[PDB]
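Undergrad: Could you work out the structure for the sequence below:
(chains A, B, C and D, ligands or ions: 8)
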Amino acid sequence: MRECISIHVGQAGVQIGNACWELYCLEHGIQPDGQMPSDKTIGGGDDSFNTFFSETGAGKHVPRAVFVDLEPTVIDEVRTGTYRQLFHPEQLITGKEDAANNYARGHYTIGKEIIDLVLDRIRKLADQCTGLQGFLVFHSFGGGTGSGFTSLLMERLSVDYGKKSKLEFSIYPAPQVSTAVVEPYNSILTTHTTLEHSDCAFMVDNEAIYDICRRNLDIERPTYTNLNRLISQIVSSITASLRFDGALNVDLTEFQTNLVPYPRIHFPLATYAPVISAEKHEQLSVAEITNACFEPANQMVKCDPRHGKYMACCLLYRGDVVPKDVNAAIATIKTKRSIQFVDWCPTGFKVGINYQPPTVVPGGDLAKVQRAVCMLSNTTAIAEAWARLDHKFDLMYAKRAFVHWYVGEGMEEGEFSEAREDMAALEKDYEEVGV
Amino acid sequence: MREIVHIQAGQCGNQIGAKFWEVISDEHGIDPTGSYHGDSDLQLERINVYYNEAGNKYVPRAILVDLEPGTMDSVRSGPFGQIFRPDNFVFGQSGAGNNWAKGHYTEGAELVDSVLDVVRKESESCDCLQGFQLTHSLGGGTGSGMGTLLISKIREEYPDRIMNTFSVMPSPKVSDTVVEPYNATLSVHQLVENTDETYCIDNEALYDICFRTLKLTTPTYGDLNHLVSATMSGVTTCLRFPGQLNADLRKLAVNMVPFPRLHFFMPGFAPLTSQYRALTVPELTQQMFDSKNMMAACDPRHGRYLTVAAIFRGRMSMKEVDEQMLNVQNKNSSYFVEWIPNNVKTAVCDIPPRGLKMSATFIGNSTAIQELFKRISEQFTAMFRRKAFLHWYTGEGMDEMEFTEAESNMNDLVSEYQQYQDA
Amino acid sequence: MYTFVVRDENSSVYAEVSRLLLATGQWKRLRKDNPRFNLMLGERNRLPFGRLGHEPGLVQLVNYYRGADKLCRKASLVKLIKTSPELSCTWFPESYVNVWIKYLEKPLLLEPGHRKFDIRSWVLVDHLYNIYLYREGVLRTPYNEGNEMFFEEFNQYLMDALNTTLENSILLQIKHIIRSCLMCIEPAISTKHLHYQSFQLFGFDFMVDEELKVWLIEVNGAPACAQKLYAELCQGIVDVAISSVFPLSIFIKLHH
Amino acid sequence: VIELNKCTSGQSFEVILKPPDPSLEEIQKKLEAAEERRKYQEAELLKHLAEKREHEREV
Ligand SMILES: Nc1nc2c(ncn2[C@@H]2O[C@H](COP(=O)(O)OP(=O)(O)OP(=O)(O)O)[C@@H](O)[C@H]2O)c(=O)[nH]1
Ligand SMILES: Nc1ncnc2c1ncn2[C@@H]1O[C@H](COP(=O)(O)OP(=O)(O)CP(=O)(O)O)[C@@H](O)[C@H]1O
Ligand SMILES: Nc1nc2c(ncn2[C@@H]2O[C@H](COP(=O)(O)OP(=O)(O)O)[C@@H](O)[C@H]2O)c(=O)[nH]1
Ligand SMILES: [Ca+2]
Ligand SMILES: [Ca+2]
Ligand SMILES: [Mg+2]
Ligand SMILES: [Mg+2]
Ligand SMILES: [Mg+2]
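TA: Numbering: from 1, shown residues only, chains lettered A, B, ... in the order given. Ligands and ions are numbered 1, 2, ... in the order given. Please find the structure below.
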């Protein structure tokens, strides 16, 4: 067994982290107390769920997680939440002055003052790992801490844990819920500085999550709680292979080798189905949920893979699913949809089935479904998200709007341009992979 | 970032300041004795932004300044006179005679060290100081001259804190003296250099709203301050209540100020009050964007919006608010600059102000604010071209050169706004 | 009120619809790069499809179908017909990427004159992928007004010369070609579940031989129209493709 | 269906339809370069503010 340490950064990262560990606890039968009546090996053990949970001599299952935020309002809700006794105080790190939606303030000014501490707190979790695999980092693109401090942390984790993988779960900025006007700046800045330090990043567009909540769950104006519960399900689908027994995506290295042939193009598109309102329903079949994986409306990033090319595709089922029905579904979809792979890759699917149907938190808005699927496909169509973002960046930077806020924090105007040209180089790499 | 240090200086500054505290104290459930008496907890969750704790009594983090004792003596006996901290009454005896030079260089310099001594004690006991909030007029002497002197000293000791002002720009329609353009031009240059956020409250607009919209034959300063206090309560809602948008002063500055010197904001409020029929959401959004609802006498259609912050108070459909806000933008997108995408940010607070079930507060960084500085500049030049009334200032040691610099510095500010209106 | 932008001043067809849209009092034209539009009349080449459908509170439509160029450019049209089991094909000349251009040896010749001709048909596909063929086609006329004969005169000719009508001898085949081509690519380009909608005007080029057999030569994605037919067609684009999604016959509906 | 693995919790397989960094001192360097620029900009402001005190005394 090999351990995984989760790092939650900023409001988005921390609040999403809460929704994930709450879900993890329900799936592994871990009560808010931290006890786990199913775990018969007290004080230790090397089961699959130990990849995310350590054990105390008193039978408490505590996460291999660290929550950091440059202001305490959000992490204080963890210290008093229903899962407060789950976490150990040294796992929750807070400042008192946040980055004010300023990448430079998060990376340079305030990040410098706290980077040393969080690494020691991470070193504490690492020291109690027999063989740490790597890190899962949850953060936003638009926040000053999520963008600015993560890139600094990702740089230091590479120099301190060189042989260890890092996966991202990144929240892509959407104006329907965005906090700031400068989120395009912070997004480009943190992508540039983190690109070489991230082995594979799962990008989630709040716009897509927002509209899925409006359409499928029929919430008039979704809140972060709505968005994070849906996001938590998707995260749980991606990480289920590390926490449960299986043979597909069993370690963080396997995510890279299965979904990322080219290192820079390490942003798989995620598609989830089905999402049904708890206030409702006919149960969908293997073919119907697999077909839904190719509807733009169910993707974490709105884009059209029909006009891109696939480098890798992975199907992760949860519930009542047998391999026979998966093949019969793939055979039907491949003849009735536009699934074109790159010439230098096989046209196929890596399938993983977990018999335990998806768990939904009581009192939530998700109807318990008997079988679900999350598809991870590395398609060049996701570059549409970079195109939208780079365009917004170009509009403001042409007039140097808001640039003074970043230069006032010790950052140089050159980092803006050098980060933009890196995205121009990321944008061209996609172009010549799905020609 | 949680605590804000409030400073009200001068006649206008202290009168407007007294109403501000009278209003938000009611919203947070604080009576004149400093004891809380409210039914909801949202009143107390962020009350530490503007109030210190004493017998579980809340006292404003407010500093009352003036070179005359007259106005601050009436505050001490006002409806909420006993709530302010006794020591935070810092006053002289000479007055400033509506003379910027007296407030900035002679009379005020003699008193400002005492104010800073009170500022220091208020700030050093702050867990995390956001910055400072000043209320004053730019047409007088103390609030204008000593106010900007105070801002300059505060920036020196707290260079990494936000400086936010509610300024009252003079207008011949409600004028005390003819030298108001002089004092206003000298003050604006200071504000351009040493503030991050300035809410431009134009007495011309306040008067016009009272005489035209509210149909008051003869508006008083109380009628004018009724509009100001309502605006001040609105624009600070995000600071005083839980929320994700512009919930503190530096995040507000980052969203609203694309260029350091273009930080002069045009506030609006709807509905206009002096009332049982509540407004629809579409009616609130149409009024909060209407010229007749602005507190700066400027036509927004004569310029272009760089950034906008809209705050809705009351129990309303957040959907319907989103539709109507996304609606106004898409219908008049020509008045929003194309090079700042998504420059309109909306917030909704569940608690409405006193007497109203629904209200809307508008904060706009429009290039039409230029019209106002142009108005002050022409009044200034009309006298300065003949050096009229200058002896009042040269008698206090000022030189003509300082006036010509202030004149051209504001003309530069006007040119800066016209640059981005044609971009 | 509805809003739209224009990014192709060289389009004669859509320069007209831009005029009628402004002539109804319910459409306000924005400048090229204002993203808060309901309708884009976008550029021919490199249309930013990836930036559409991301404006909250705005239903966005564009006059081009992403992916339709696989049908319009000949090189892609050849590979589409031979690699699609839906076509494989009797009405397409032999093409590769004894007279070749396959140049059809014996075309139908208009008498008097011994004249060669080719038929241009205008087809409109709306956001719901309804296929609308404009009822008024044009004919673009030795062989070894303005070279344009409209459908009425050509019909009367075939009734007098070869004792048949245009509907029976040519138009049934034409309608079959349009349906086959356009429904071959429906799963690849349709916007029925996309975050933005698409319609597009197409210009099909057809041929007729002395056996009255119809051949597909070329399909154009940015075609022009005959002068007299500019008014009726352009106004039909407003009623069918624009007003249908933004509410304020001359088409035959090739059903399915 | 290639590489079928089964366990009690589920099973996984693969279908095929068709064959075909900066060091620590460099980081701390750029972080200290950004700090000295902050300190320099603040020094020029406090120098600018010291000039206006000189003018205040001169008036
Ligand atoms: N899905 C989701 N997005 C969130 C959540 N919280 C914030 N965001 C998004 O994150 C972006 C803002 O970044 P934040 O994480 O809130 O800011 P931060 O990381 O705390 O950085 P600073 O506050 O500037 O120090 C916006 O685009 C929000 O829409 C959340 O709980 N769920
Ligand atoms: N297989 C063929 N046999 C006979 N003539 C042919 C032909 N293919 C093309 N043509 C001739 O060429 C003309 C049309 O040219 P073509 O459609 O191939 O290219 P193009 O795009 O330049 C015409 P347009 O400007 O209308 O799109 C027809 O009038 C027809 O006379
Ligand atoms: N809105 C408002 N403006 C005022 C009030 N009192 C004075 N003013 C304005 O302030 C200017 C005079 O400055 P004042 O505050 O009286 O001088 P100071 O005490 O030396 O700062 C004039 O332009 C007045 O119109 C008031 O109560 N309300
Ligand atoms: Ca155990
Ligand atoms: Ca004296
Ligand atoms: Mg935060
Ligand atoms: Mg006075
Ligand atoms: Mg002293």
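Undergrad: which SSE is residue 233 in?
TA: If you meant another chain, say so; for now it's chain A. Taking DSSP states H and E as the criterion, residue A:233 maps to helix A:224-243.
Undergrad: Please refer instead to chain C.
TA: According to DSSP H and E, residue C:233 maps onto helix C:229-237.
Undergrad: Mind giving me the packing neighbours of that helix?
TA: Counting by 3 or more C-beta pairs under 8 Å, 6 or more residues apart in numbering or on different chains; DSSP states H and E, the packing neighbours recorded for helix C:229-237 are helix C:12-22, strand C:118-125, strand C:131-134. (Each C-beta comes from the backbone N, C-alpha and C, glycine too.)
Undergrad: In chain B, what residue comes closest to ligand 4?
TA: residue B:244 (39.6 Å; C-beta to the ion).
Undergrad: where's that residue relative to residue B:378, distance?
TA: Distance of residue B:244 to residue B:378, given as C-beta to C-beta, to the nearest Å: 43 Å.
Undergrad: More neighbours: those two, which one.
TA: residue B:244 (13 against 10; other C-beta atoms under 10 Å in any protein chain shown).
Undergrad: Quick one: residues contacting the residue of chain D found nearest chain B.
TA: Using C-beta to the nearest C-beta, residue D:59 is the residue of chain D that sits closest to chain B, at 4.0 Å. Applying C-beta atoms under 8 Å, 6 or more residues apart in numbering or on different chains to residue D:59 gives the contacts B:101, B:105, B:106, B:396, B:397, B:398.
Undergrad: Quick check: it vs residue B:190, distance?
TA: Residue D:59 is 14 Å from residue B:190, by C-beta to C-beta.
Undergrad: Likewise for residue B:1?
TA: The gap separating residue B:1 from residue B:190 is 24 Å, by C-beta to C-beta.
Undergrad: Helices of the chain, start to end?
TA: In the absence of a named chain, this looks at chain A. A:10-27, A:72-79, A:103-104, A:110-127, A:144-160, A:183-194, A:206-215, A:224-243, A:252-259, A:286-292, A:323-336, A:383-398, A:403-407, A:413-431 (DSSP state H).
Undergrad: let's do chain D instead
TA: Under DSSP H, chain D gives helices at D:24-58.
Undergrad: mind checking the longest strand of it?
TA: When chain D is scanned for its longest strand (criterion: DSSP state E), the result is strand D:10-18.
Undergrad: Report the contact partners of the residue in chain B positioned nearest to chain C.
TA: Closest contact between chain B and chain C, by C-beta to the nearest C-beta, is at residue B:326 (3.6 Å). By C-beta under 8 Å, 6+ apart, residue B:326 lies in contact with C:56, C:57, C:58.
Undergrad: Toward the C-terminus, what is the element adjacent to whichever helix or strand it is part of?
TA: Using DSSP H and E, residue B:326 sits in helix B:318-331. As assigned by DSSP H and E, the chain's next helix or strand after helix B:318-331 is strand B:344-349.
Undergrad: And the next helix or strand past that next one?
TA: Downstream of strand B:344-349, the first helix or strand assigned by DSSP H and E is strand B:358-366.
Undergrad: Residue A:41 touches residue A:47, doesn't it?
TA: Yes. Applying C-beta atoms under 8 Å as the test, residue A:41 and residue A:47 come out as touching, 7.4 Å apart.
Undergrad: The two: which has the busier surroundings?
TA: The neighbour count for residue A:41 versus residue A:47, taken as other C-beta under 10 Å, is higher for residue A:47 (17 against 10).
Undergrad: Got phi/psi on that one?
TA: With angles defined as degrees, to the nearest 10, residue A:47 sits at phi -80, psi 170.
Undergrad: just residue B:179 next, same as before
TA: The phi/psi pair for residue B:179 (degrees, to the nearest 10) is phi -90, psi 10.
Undergrad: Which residue ranges of the stretch 101-250 of chain C form strands?
TA: C:118-125, C:131-134, C:138-140, C:148-150, C:197-198, C:200-208, C:214-220 (DSSP state E, counting those that start in this stretch).
Undergrad: who in chain D is up against chain B?
TA: D:42, D:45, D:46, D:49, D:52, D:56, D:58, D:59 (C-beta under 8 Å from any C-beta of the partner chain).
Undergrad: redo that, cut-off 7 Å
TA: Proximity of chain D to chain B is confined to D:42, D:45, D:46, D:49, D:52, D:56, D:59 under the rule C-beta under 7 Å from any C-beta of the partner chain.
Undergrad: How many neighbouring residues does the fourth one have?
TA: In terms of burial, residue D:49 registers 17 neighbours under the definition other C-beta under 10 Å.
Undergrad: Quick check, it in contact with residue B:156.
TA: Yes. Residue D:49 lies in contact with residue B:156 (C-beta atoms under 7 Å); the separation is 4.7 Å.
Undergrad: can you pull the contacts of residue A:92?
TA: A:67, A:75, A:78, A:79 (C-beta atoms under 7 Å, 6 or more residues apart in numbering or on different chains).
Undergrad: follow-up on the earlier one: looking at the helices of chain A, which is nearest to residue C:10?
TA: helix A:383-398 (23.7 Å; C-beta to C-beta).
Undergrad: Within range of chain D, give me the residues from chain A.
TA: A:108-109, A:112, A:155-156, A:158-159, A:196-197, A:244-248, A:323, A:327, A:330, A:334, A:343-355, A:408-411.
Undergrad: Mind checking which of those are buried?
TA: Among the residues of chain A next to chain D, the ones that count as buried by 16 or more other C-beta atoms under 10 Å in any protein chain shown are A:108-109, A:112, A:155-156, A:158, A:197, A:244, A:246-248, A:323, A:327, A:330, A:345-355, A:408-411.
Undergrad: Can you flag which of those residues belong to strands?
TA: A:347, A:348, A:349, A:350, A:351, A:352, A:353, A:354.
Undergrad: can you redo the residues you listed as a markdown table with distance to residue A:203?
TA: Below are those laid out as a markdown table (distance: C-beta to C-beta, whole Å):
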| residue | distance to residue A:203 |
| --- | --- |
| A:347 | 24 |
| A:348 | 24 |
| A:349 | 21 |
| A:350 | 20 |
| A:351 | 23 |
| A:352 | 21 |
| A:353 | 25 |
| A:354 | 23 |
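Undergrad: Specify which member of these is nearest to ligand 1.
TA: residue A:354 (24.7 Å; C-beta to the nearest ligand atom).
Undergrad: The closest one and residue A:314, how far apart?
TA: 13 Å.
Undergrad: so what's the residue of chain D found nearest ligand 2 up against?
TA: Closest contact between chain D and ligand 2, by C-beta to the nearest ligand atom, is at residue D:18 (33.7 Å). Going by C-beta under 7 Å, 6+ apart, residue D:18 touches A:346, A:347.
Undergrad: Quick check: bridge partners of it?
TA: Here residue D:18 sits in beta bridges with residue A:347, going by DSSP bridges.
Undergrad: State the distance from residue A:4 to residue A:10.
TA: The value you get for residue A:4 to residue A:10, if C-beta to C-beta is used, is 20 Å.
Undergrad: The two: which has the busier surroundings?
TA: residue A:10 (30 against 23).
Undergrad: contacting residues around residue B:14?
TA: Contact analysis of residue B:14 by C-beta under 7 Å, 6+ apart lists B:8, B:64, B:66, B:71, B:72, B:75.
Undergrad: Was I right to think residue A:276 contacts residue A:370?
TA: No. Residue A:276 is beyond contact range of residue A:370, at 10.6 Å (criterion: C-beta under 7 Å).
Undergrad: Give me the more crowded residue out of these two.
TA: Comparing residue A:276 with residue A:370 by other C-beta under 10 Å, the one with more neighbours is residue A:276, at 19 against 15.
Undergrad: So residue B:123 lies in a strand, does it not?
TA: No. Membership of residue B:123 in a strand is not supported by DSSP: H, G, I helix; E, B strand; the rest coil, which gives helix.
Undergrad: How many neighbouring residues does it have?
TA: Residue B:123: 19 surrounding residues under other C-beta under 10 Å.
Undergrad: How about it, nearest residue that isn't a chain neighbour?
TA: The shortest distance from residue B:123 to any non-neighbouring residue, by C-beta to C-beta, 6 or more residues apart in numbering or on different chains, is to residue B:129 (5.3 Å).
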